[PDB]
Amino acid sequence: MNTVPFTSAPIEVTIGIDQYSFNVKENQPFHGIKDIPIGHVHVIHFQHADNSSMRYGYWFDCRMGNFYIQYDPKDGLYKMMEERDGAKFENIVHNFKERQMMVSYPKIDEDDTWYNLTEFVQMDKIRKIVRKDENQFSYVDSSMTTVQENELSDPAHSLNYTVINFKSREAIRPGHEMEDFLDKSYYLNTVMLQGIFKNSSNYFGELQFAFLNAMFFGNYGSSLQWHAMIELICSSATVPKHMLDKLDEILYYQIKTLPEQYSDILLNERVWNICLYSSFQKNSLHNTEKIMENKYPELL
Amino acid sequence: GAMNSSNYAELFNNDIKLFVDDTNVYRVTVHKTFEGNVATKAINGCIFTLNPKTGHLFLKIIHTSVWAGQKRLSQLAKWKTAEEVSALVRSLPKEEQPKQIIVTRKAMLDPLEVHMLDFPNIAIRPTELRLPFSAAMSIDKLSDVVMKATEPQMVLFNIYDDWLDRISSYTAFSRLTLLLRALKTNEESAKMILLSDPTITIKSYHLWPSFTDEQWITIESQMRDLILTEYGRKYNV
Ligand SMILES: CCCS(=O)(=O)Nc1cc(N)c(F)cc1F
Ligand SMILES: CCCS(=O)(=O)Nc1cc(N)c(F)cc1F
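Structure follows, in structure tokens:
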């Protein structure tokens, strides 16, 4: 179990760690988060009390380094930093754990939620969507635009998700216009899976990362990407059976975890109705359809 | 975006544009089978592709063989339309190419956009106008060439005959749409008005009779009356 030490908490802020969150009062004696499960990526995120605009945060993997948070009063935010001196870090947490100034990652043993939401998400793929090669962790916030959004302004601050566009030469083979537009299997299987992602695990990883950025930061471009990756599978008549079964599990846990009161903005009526009721795979997402119907019957 | 009454003079400016109407692509009669079930029989159809500035009609005849062994024909017909319009654009030289294609039915947008991916600078637009181009098959010479076709064929016509020698494109389009609206609302009466007078003939190379300017005024008035007379029956007003 690993730890992320905070220098302090000088401004009042709501701190999240994965699907949990804590309110920290201005100059309350908060020095970090302990007992973080090893084996998964994690995200530590922030929303300041005095300006709820800009949710922001950091994707990290404790196996890749020792990371701590310190507030910067010039740039006005909590920054993640990497400590190269193992022993210094090791003894700091020790002082802070001994004075009981850390909250504990509150993981119920029975609970597989975070694993289920990050099953295919890997730090190495995050760092290629979020390009800042001098850090081992990746900053994301509410306002960052995606490459696709930019095409339709600062590139170094972009979310480099894979561009998906159903009315593009990439999606449509010359001579198979109607076929490819009505059945997206060649775009899914040959262009995207075999060509760009190489396998279904990397495709699901980006889909899961997009959902998590949409949920945790209200990142609208990430929400677009999540729905696009869902629609591309559901709009394909030929999908490997293991992918349909895995997709049903992935979406079930995403819909399970979504705050009920965020459904309006985060869920796109057109995509979900098409996917559950109209598409080729309308009968392949039994768990997702059941949780959607019992939890958000209005949307449909 | 969409073409309507606000931006209507745009049709007669010098940017090449083409209306595309797919109403008459897939044409069927519905009938009873021996077992008392219902079946369709297709007849030849046509794509109506019209430059409104010049009167140029690219009439692509859609032969019933297109449909052989195909399913979901009403869906296929939109894609076939889009395929043929794309092929037409590719066939024309650069300076004869449309800068916009206006589809009369919004369901044509996606099929045509997908077939025109190689032409990103040709705008594909819908229209809010109700245009009467379905009535093209009430024009005798157009109906005849479609029905007699034995294979896919493109036939070219000028739908304004020689009118542009004497009137503007705006006025020619107004006359065309009035005639077609009349033929659509009451074909029998409209044709009676056009052919009532033995002394007025249709040139071999024309679609409409050779009326003087003054006779066109009378004819146009009679077509307006026909349209109102018919309307007071539909709605009982
Ligand atoms: C000199 C350290 C100030 S502190 O309060 O210990 N913050 C902190 C500082 C460093 N360098 C770190 F590795 C971990 C920490 F949590
Ligand atoms: C070439 C003249 C043949 S026509 O049917 O009289 N008019 C005509 C028709 C079309 N479609 C055109 F592109 C150019 C034309 F002049």
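Taken in sequence, the protein lines are chains B and A. With the authors' numbering applied, the first sequence covers 1 to 152, 170 to 317. With the authors' numbering applied, the second sequence covers 1833 to 2069. The C-beta atom is built at its ideal place from N, Cα and C for all residues, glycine as well.
Please tell me whether residue i has its Cβ less than 9 Å away from any Cβ of chain A.
i                      : result
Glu-194 of chain B     : yes
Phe-297 of chain B     : no
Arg-186 of chain B     : yes
residue 336 of chain B : There is simply no residue 336 of chain B to check, as chain B begins at 1 and stops at 317 in what is shown.
Is residue i helix, strand or coil by DSSP?
i                   : result
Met-81 of chain B   : strand
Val-103 of chain B  : strand
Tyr-2002 of chain A : helix
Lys-34 of chain B   : strand
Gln-1985 of chain A : strand
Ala-1955 of chain A : strand
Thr-1881 of chain A : strand
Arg-1937 of chain A : coil
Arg-1859 of chain A : strand
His-2038 of chain A : coil
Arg-186 of chain B  : coil
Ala-1874 of chain A : strand
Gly-57 of chain B   : strand
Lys-1849 of chain A : strand
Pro-5 of chain B    : strand
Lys-128 of chain B  : helix
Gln-1902 of chain A : coil
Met-123 of chain B  : helix
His-94 of chain B   : helix
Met-2055 of chain A : helix
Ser-301 of chain B  : coil
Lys-1931 of chain A : coil
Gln-47 of chain B   : strand
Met-260 of chain B  : helix
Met-144 of chain B  : coil
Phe-2043 of chain A : coil
Report the option in the options whose CA atom is closest to the CA atom of residue i.
i                      : options                                        : result
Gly-238 of chain B     : B:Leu-284, B:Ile-272, B:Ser-252                : B:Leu-284
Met-101 of chain B     : B:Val-130, B:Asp-200, B:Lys-34                 : B:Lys-34
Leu-2011 of chain A    : A:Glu-2052, A:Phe-1989, A:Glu-2062             : A:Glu-2052
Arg-1962 of chain A    : A:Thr-1936, A:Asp-1972, A:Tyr-2037             : A:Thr-1936
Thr-2044 of chain A    : A:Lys-2023, A:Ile-1956, A:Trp-1899, A:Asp-1994 : A:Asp-1994
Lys-258 of chain B     : B:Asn-311, B:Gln-298, B:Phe-67, B:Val-103      : B:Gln-298
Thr-118 of chain B     : B:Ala-231, B:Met-246, B:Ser-240, B:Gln-225     : B:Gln-225
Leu-199 of chain B     : A:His-1863, A:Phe-1844, A:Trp-1911             : A:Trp-1911
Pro-1952 of chain A    : B:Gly-212, B:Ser-185, B:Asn-66                 : B:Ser-185
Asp-265 of chain B     : B:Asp-50, B:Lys-201, B:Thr-14, B:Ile-247       : B:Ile-247
residue 323 of chain B : B:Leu-268, B:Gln-28, B:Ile-11, B:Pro-5         : This structure does not reach residue 323 of chain B, given that chain B is present from 1 up to 317, and the question cannot be answered.
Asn-1836 of chain A    : A:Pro-1958, A:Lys-1926, A:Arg-2013, A:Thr-1982 : A:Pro-1958
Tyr-1858 of chain A    : A:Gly-1868, A:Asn-1876, A:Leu-1850, A:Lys-1864 : A:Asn-1876
Find out if the Cβ-Cβ distance for the pair residue i, residue j is shorter than 9 Å.
i                   : j                   : result
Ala-227 of chain B  : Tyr-294 of chain B  : no
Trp-59 of chain B   : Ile-126 of chain B  : yes
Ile-44 of chain B   : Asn-2 of chain B    : no
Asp-1853 of chain A : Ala-1909 of chain A : no
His-48 of chain B   : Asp-18 of chain B   : no
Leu-1891 of chain A : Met-1979 of chain A : no
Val-121 of chain B  : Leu-229 of chain B  : yes
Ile-2025 of chain A : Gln-2054 of chain A : yes
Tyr-68 of chain B   : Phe-46 of chain B   : no
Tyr-71 of chain B   : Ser-8 of chain B    : yes
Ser-2042 of chain A : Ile-2032 of chain A : yes
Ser-301 of chain B  : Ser-252 of chain B  : no
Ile-1956 of chain A : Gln-1929 of chain A : no
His-1888 of chain A : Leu-1988 of chain A : yes
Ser-1966 of chain A : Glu-2019 of chain A : no
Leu-152 of chain B  : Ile-129 of chain B  : no
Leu-1941 of chain A : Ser-1918 of chain A : no
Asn-116 of chain B  : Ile-15 of chain B   : no
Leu-1843 of chain A : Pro-1884 of chain A : yes
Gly-65 of chain B   : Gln-136 of chain B  : yes
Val-1946 of chain A : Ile-189 of chain B  : yes
Under a CB-based cut-off of 9 Å, is residue i close to chain B?
i                   : result
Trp-1911 of chain A : yes
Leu-1908 of chain A : yes
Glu-1915 of chain A : yes
Inset, instruction - Quick one: which residues of the region 196-210 of chain B get their C-beta closer than 7 Å to a C-beta of chain A? List them in chain order. - result: Cβ proximity to chain A below 7 Å picks out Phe-198 from the region 196-210 of chain B.
Legend entry - Members of the region 1935-1966 of chain A that neighbour chain B once the beta carbon cut-off is set at 9 Å: Residues of the region 1935-1966 of chain A with a C-beta less than 9 Å from any C-beta of chain B: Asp-1942, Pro-1943, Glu-1945, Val-1946, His-1947, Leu-1949, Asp-1950, listed in chain order.
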